[PDB]
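Engineer: part one of the complex, untouched from its place in the assembly:
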Amino acid sequence: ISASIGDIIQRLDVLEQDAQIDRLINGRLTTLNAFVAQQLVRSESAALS
Amino acid sequence: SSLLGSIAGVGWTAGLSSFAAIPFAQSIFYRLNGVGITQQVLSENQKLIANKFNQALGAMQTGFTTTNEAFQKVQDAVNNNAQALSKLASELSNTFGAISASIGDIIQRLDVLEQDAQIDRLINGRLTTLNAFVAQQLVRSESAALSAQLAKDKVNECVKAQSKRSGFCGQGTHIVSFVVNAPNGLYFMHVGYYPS
Amino acid sequence: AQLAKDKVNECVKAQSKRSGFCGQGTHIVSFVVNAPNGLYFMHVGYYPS
Amino acid sequence: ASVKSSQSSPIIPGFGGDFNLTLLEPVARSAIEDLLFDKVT
């Protein structure tokens, strides 16, 4: 459930709110870490070129 | 060290490699006669150059730390693979998983039925991140083989021959270049000209 | 593949007065045959001995 | 194997006269190599 904050108020109870939000942080930060690995790749290939 | 032996005679050339034994001084008067194309009357009158060559190598002795990358590249390499190995292996263990005291509920907490559940979380995660480490070792291994083939291209060009080409043989009409083994890699002491 | 183009334009057309790349010895001829997925070289070098 | 192949001088304490070369082995891991192995942590 990803309306940019997981059940911030509205959409879920605060105690679970942490459950859906922690899904969104583990996922969103993990994919951000994939972006960082990608920047290291194109940075190294950019330095080769 | 046999490469430093072959610097003088192999740097002549006239072919790589079927030669020679020429003293190092005359090797730098021909290497210097070549691309810094000052012919014989300047190197005759005068030398000392020798004291300027030795002065250059002297500042090459004093300066390693810290503002002299290449050297920060060297510790970027040792801190690279030491960081990846030890520090990534410190992230891999202790801790990753949901309940992750090395062994979940090790010998001390519940539950014997759910023990396989939390442990299988820790194995799927810990082995998956280990597999990320293996993908990383394949990456830096392949790039290390690219750079090693570059080093072979820098030894066969810049170290044996002169090499009448710009940087690679860094910054100036190149004259001599020396090879020493650094941590994980080679290390070059390219002796170039600088007009000024 | 850009390396192979650099090995065809240097080692195959010309001689190429350079060490390995044109493997192990003062290079003389080099031949190209298509291998699976790649080229394949039959660098004919000198070996003093 | 694409480094050595042929043929050293060999290593005598006088390389070039007079080019003071630190790259001599003192005796086995020469002096500049000793600097960039000691200063690296």
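Structural biologist: Yes, it's here. Residues are numbered from 1 along each chain as shown, chains lettered A, B, ... in the order given.
Engineer: now the residue in chain D that chain C sits nearest to: phi and psi?
Structural biologist: Using C-beta to the nearest C-beta, the closest approach of chain D to chain C is made by residue D:2 at 5.3 Å. Where C-beta positions appear, they are placed from N, C-alpha and C, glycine not excepted. For residue D:2, the backbone dihedrals (degrees, to the nearest 10) come out as phi -90, psi 10.
Engineer: go on, residue A:4?
Structural biologist: Phi and psi for residue A:4, reported as degrees, to the nearest 10, are phi 70, psi -20.
Engineer: can you list the residues of chain D near chain B?
Structural biologist: Counting by C-beta under 8 Å from any C-beta of the partner chain, chain D comes close to chain B at D:2-11, D:15-23, D:25, D:29-30, D:32-33, D:35-37, D:39-41.
Engineer: would you mind giving the secondary structure of residue A:20?
Structural biologist: At residue A:20 the chain is in helix, as set by DSSP: H, G, I helix; E, B strand; the rest coil.
Engineer: which ones are touching the residue lying closest to it once chain neighbours are set aside?
Structural biologist: Leaving aside its sequence neighbours, residue A:20 sits nearest to residue A:6 (C-beta to C-beta, 6 or more residues apart in numbering or on different chains; 3.6 Å). Residues in contact with residue A:6, defined by C-beta atoms under 8 Å, 6 or more residues apart in numbering or on different chains, are A:12, A:17, A:20, A:21, A:23, A:24.
Engineer: could you pick out the buried ones from these?
Structural biologist: A:12, A:17, A:20, A:21, A:24 (16 or more other C-beta atoms under 10 Å in any protein chain shown).
Engineer: now do the SS call for the nearest residue to residue A:8 once chain neighbours are set aside.
Structural biologist: Leaving out its chain neighbours, the residue that sits closest to residue A:8 by C-beta to C-beta, 6+ apart is residue A:17, at 7.1 Å. In terms of secondary structure, residue A:17 is helix; the call rests on three-state DSSP.
Engineer: before we move on, back to that, nearest to residue C:38, of the buried ones among the contacts of residue A:6?
Structural biologist: residue A:24 (45.5 Å; C-beta to C-beta).
Engineer: could you confirm the closest one falls within a helix?
Structural biologist: Yes. Using three-state DSSP, the secondary structure at residue A:24 is a helix.
Engineer: quick one: it and residue A:2 touch, right?
Structural biologist: Yes. The pair residue A:24 / residue A:2 is scored as a contact, 5.9 Å apart, by C-beta atoms under 8 Å.
Engineer: how about residue D:30, nearest residue that isn't a chain neighbour?
Structural biologist: residue D:23 (5.3 Å).
Engineer: same check, this time on residue A:13
Structural biologist: residue A:7 (7.4 Å).
Engineer: next up, chain E:
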Amino acid sequence: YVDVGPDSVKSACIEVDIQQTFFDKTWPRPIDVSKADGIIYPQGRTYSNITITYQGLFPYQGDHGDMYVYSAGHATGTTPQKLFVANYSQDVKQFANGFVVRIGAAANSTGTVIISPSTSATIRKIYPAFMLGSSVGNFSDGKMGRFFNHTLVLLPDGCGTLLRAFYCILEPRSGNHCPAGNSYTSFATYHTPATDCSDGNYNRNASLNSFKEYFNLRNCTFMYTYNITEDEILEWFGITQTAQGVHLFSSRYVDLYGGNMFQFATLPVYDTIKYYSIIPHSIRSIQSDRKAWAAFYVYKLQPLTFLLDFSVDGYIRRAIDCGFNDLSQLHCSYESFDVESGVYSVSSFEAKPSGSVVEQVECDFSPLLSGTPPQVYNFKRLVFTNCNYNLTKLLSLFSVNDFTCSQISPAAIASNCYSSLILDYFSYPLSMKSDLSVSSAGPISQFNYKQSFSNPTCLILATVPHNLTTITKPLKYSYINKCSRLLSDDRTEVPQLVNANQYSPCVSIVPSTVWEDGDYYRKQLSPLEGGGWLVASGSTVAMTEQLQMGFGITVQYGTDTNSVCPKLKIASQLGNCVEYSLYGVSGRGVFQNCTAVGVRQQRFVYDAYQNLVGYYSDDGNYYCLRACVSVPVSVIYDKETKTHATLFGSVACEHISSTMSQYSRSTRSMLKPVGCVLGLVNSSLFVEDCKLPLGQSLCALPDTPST
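Structural biologist: Time to bring in chain E:
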């Protein structure tokens, strides 16, 4: 309960003179974490020469805290008279996460006697006293500062040679100047040095006795004492609370000369401390014996991540408050008292919501209250578009027995605005609560009533009182316990499961109320319908005294959306910055009168994602929205000369303000204008050409040397 010694036998209290202006001084002693001011050592484990970033309770860098001072009382040449105090007893503070205290810092220096400002004296350390508890209010004469029920009191005694900690009910006494008596101003404690602090015979109960004059101590669960060696050394005291109880910290026993605080007690106080006050002390000296007493300073704790630098011997002698500014962040966000010299990007600075636009009357719950709630399998559906709802109104009629939601909370479902509300109601027994669940495979979800899993949902169990009389009860509660098809082969049975937002296929053959528990229904199918049979079986539960009902709510959460908000100039135009709150969706935007792209009969416009760019709703114009304003700040650290310099990303020399108050995060607690070649910088000066070039080599072309 514990014997804490006899009540006071005095029939009056000592008169107290409150003169706050004599205690209003500026003697700043702000937190400097560089020197490890205000640091509690970590509880979980302890460490050697290691540095680290660590999240725990700390005071913030530069916090001046709250200063308190105790004074000599009034006196003649021979006789102590009225006490002399500040207004501290009426100043009740929120405990929150607790606090740390700098004690005795000015000891040995020369300072004023307070009650006689023209008189100076050598400053001596004095210990603070605190009153803490869970419930506060006013004394009988209306003055603030009364603590109710069990109260924790921390009271030094014996001329600064012990701390007493006790937890009692404080019964205010009724004599003159006492808190339940006439002529009450403030309570206080005191001691009388001429008689209480004579060599070799300190009165270890002097302050306690003075306290007992203002309050009787009742039902004390504990009274502990902690001995203190007499000296004039600076020290730190701390207090927190954890379920175990209230934890006391001091530098005295483990780091007397360095100031690190370590735990020395856990008090069995399990009622959460919410409030505290500083108990004023006045020293009943005679005029010729007047001393100056060191101010003490209280700093609130909060969870912060610090860089902690541990010496070889394990103590912390240097810390960094990472959130103090971008320079410290860089300093930290690296786990390193030293951050190599360069440009380091610290986050925004997002603007503050102002002009919260709300767009939408009164939702019609009528037909629910009039008649007989049908059976669960014949649930009635109320739809809500474009109206205001008082739902806590509706749920105040009934007695409510259970409230669970999925992908939302009951708190949240009252507050938020939604495009497409749906209220489903029916008769339903409380006995069958375990079958009315979003996570249930009973007959109710199988054959009777199923909510959507794609929208947020709530499920309410209630009881109509007696007070509600327009709601009639039926003969009994009924539900379907089997709905299946028998195929045309006469012996394949296929359960007919109910789909969300639909009725059971068996409602055509199951009566609106089941006549008897276990009755079964059948209906042969036409070859077109598939052949074979349709079959069902009904269950009953006995009717209750008061009728019991079930409510299912589904919010959108769409999709098609908007116009269903709760109910309660500014919530309209022209809120030309953040924030809005449309019925359809939340969000933070900068509306502008743009042109002209949309649908124009349903209200929004998206751009290929979830976002809305963005007009509608206003009546009727094009208020196209945008994303939030963020100032993309950075830090130009330069560790050689230790001079940070905050650079903003690309805006603006004109739009910023120094220590900008329209924006959220420095980051975070505290901040600290020349451009404009790149962006705006909080660093002088203008070019200044041209050198050299080298690092630390900022952006487009400021090459920025130092200093």
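Engineer: could you re-examine the nearest residue to residue A:13 with chain E now present?
Structural biologist: Counting by C-beta to C-beta, 6+ apart, the residue nearest residue A:13 is residue E:409, at 3.3 Å.
Engineer: for the one you found, give me its contacts.
Structural biologist: Contacts were defined as C-beta under 8 Å, 6+ apart; by that measure residue E:409 touches A:7, A:12, A:13, A:14, A:16, A:17.
Engineer: mind running it again at 7 Å?
Structural biologist: For residue E:409, the contacting residues are A:12, A:13, A:14, by C-beta atoms under 7 Å, 6 or more residues apart in numbering or on different chains.
Engineer: now, which of those sits nearest residue E:596?
Structural biologist: residue A:12 (38.3 Å).
Engineer: hmm, stretch E:46-62 touching chain B?
Structural biologist: No. Judged by C-beta under 7 Å from any C-beta of the partner chain, stretch E:46-62 and chain B are separated, with a smallest distance of 13.6 Å.
Engineer: how long is that stretch end to end?
Structural biologist: Using C-alpha to C-alpha, to the nearest Å, the end-to-end distance of stretch E:46-62 comes to 26 Å.
Engineer: quick one: it to chain centroid distance?
Structural biologist: 23 Å (C-alpha atoms, centre = their mean, to the nearest Å).
Engineer: repeat that for stretch E:491-511.
Structural biologist: 49 Å.
Engineer: for stretch E:51-69, same thing?
Structural biologist: A distance of 19 Å separates the centroid of the chain from that of stretch E:51-69, by C-alpha atoms, centre = their mean.
Engineer: using the three-state scheme, assign the residue nearest in space to the middle of chain E.
Structural biologist: Centroid check for chain E by C-alpha atoms, centre = their mean gives residue E:96 as the closest residue, at 8.9 Å. Using three-state DSSP as the criterion, the local structure at residue E:96 reads coil.
Engineer: could you measure from the residue nearest the centre of chain D over to residue B:24?
Structural biologist: Centroid-nearest residue in chain D: residue D:23, 3.3 Å away (criterion: C-alpha atoms, centre = their mean). Applying C-beta to C-beta, to the nearest Å, one obtains 10 Å for the distance of residue D:23 from residue B:24.
Engineer: in chain A, what residue comes closest to chain E?
Structural biologist: Chain A approaches chain E most closely through residue A:13 (3.3 Å), counting by C-beta to the nearest C-beta.
Engineer: so how many other residues sit close to that residue?
Structural biologist: The local packing of residue A:13 (other C-beta atoms under 10 Å in any protein chain shown) involves 20 other residues.
Engineer: residue E:558 and residue E:421 touch, don't they?
Structural biologist: No. Shown here, residue E:558 and residue E:421 do not form a contact pair, counting by C-beta atoms under 7 Å, at 10.7 Å.
Engineer: and these two? which has more neighbours close in?
Structural biologist: Taking other C-beta under 10 Å, residue E:558 and residue E:421 do not tie; residue E:421 has more neighbours (22 against 13).
Engineer: next one is chain F, place it on the structure:
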Amino acid sequence: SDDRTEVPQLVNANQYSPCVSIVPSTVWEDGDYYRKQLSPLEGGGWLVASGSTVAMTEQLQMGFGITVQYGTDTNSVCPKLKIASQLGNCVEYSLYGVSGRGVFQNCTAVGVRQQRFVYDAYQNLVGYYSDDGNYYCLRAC
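Structural biologist: Next up, chain F placed on what we already have:
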């Protein structure tokens, strides 16, 4: 203080309910309700509670809640029953709330010494304490 908005006061771990001030130690009758107007400082509005009862049983029935913390430090808390002590100068140990396998040595001298472990920037303990009183610094397997 708007006389409309109801906000449940949820209990936090290892605290009492904010309503224990108004709910008797035993509820007199099932469904009784309690109220208390709040001072403007307390927030205004009201505090409200309602009590439930269950009939007493033949034999009294009780509830026990236990919470353990693995050390870390103090005061220590093990079951009861030269060995299980020094000099086990190799694997294994089993200290207070902490397990592990180590090679203790009489090392020097870095720690806190008041609470009784020492970590090195991770979960591990490197490692002295607990012995009485010396520095048995531990290592990995």
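Engineer: re-run the earlier check on the contacts of residue E:409 with chain F in the model.
Structural biologist: Taking C-beta under 7 Å, 6+ apart, we find residue E:409 in contact with A:12, A:13, A:14.
Engineer: measure it to chain C for me?
Structural biologist: As judged by C-beta to the nearest C-beta, to the nearest Å, residue E:409 and chain C stand 59 Å apart.
Engineer: quick check: closest non-adjacent residue to the closest residue to chain D within chain A.
Structural biologist: Nearest residue of chain A to chain D, counting by C-beta to the nearest C-beta: residue A:48, 21.2 Å away. Leaving aside its chain neighbours, residue A:48 sits nearest to residue B:146 (7.6 Å; criterion: C-beta to C-beta, 6+ apart).
Engineer: run through the bridge partners of residue E:371.
Structural biologist: Going by DSSP bridges, residue E:371 is paired in beta bridges with residue E:471.
Engineer: what about whichever residue of chain D sits closest to chain E, which SS state?
Structural biologist: Nearest residue of chain D to chain E, counting by C-beta to the nearest C-beta: residue D:41, 15.7 Å away. Secondary structure assignment for residue D:41 (three-state DSSP): coil.
Engineer: count of neighbours near the nearest residue to residue E:683 once chain neighbours are set aside?
Structural biologist: Distance criterion C-beta to C-beta, 6+ apart; nearest residue to residue E:683, sequence neighbours excluded, is residue E:645 at 3.6 Å. By other C-beta under 10 Å, the residues close to residue E:645 number 20.
Engineer: surely residue E:645 touches residue E:685?
Structural biologist: No. Using C-beta under 7 Å, residue E:645 makes no contact with residue E:685, being 11.0 Å away.
Engineer: hmm, back to that, relative to residue C:19, how far out is the residue nearest to residue A:48?
Structural biologist: 18 Å.
Engineer: repeat for residue E:519
Structural biologist: For residue E:519, the distance to residue C:19 equals 98 Å [C-beta to C-beta].
Engineer: same question for residue E:160.
Structural biologist: Counting by C-beta to C-beta, the gap from residue E:160 to residue C:19 is 86 Å.
Engineer: do residue E:299 as well
Structural biologist: To residue C:19, residue E:299 is 71 Å away according to C-beta to C-beta.
Engineer: do the same with residue E:1
Structural biologist: The gap separating residue E:1 from residue C:19 is 96 Å, by C-beta to C-beta.
Engineer: so between the two, which is more surrounded?
Structural biologist: Legend: neighbour count by other C-beta under 10 Å for residue E:1 and residue C:19, higher for residue C:19 (23 against 11).
Engineer: which ones are touching the more buried one?
Structural biologist: By C-beta under 7 Å, 6+ apart, the contact list for residue C:19 reads B:16, B:156, B:160.
Engineer: and residue E:495, by the same measure?
Structural biologist: Going by C-beta under 7 Å, 6+ apart, residue E:495 touches E:483, E:484.
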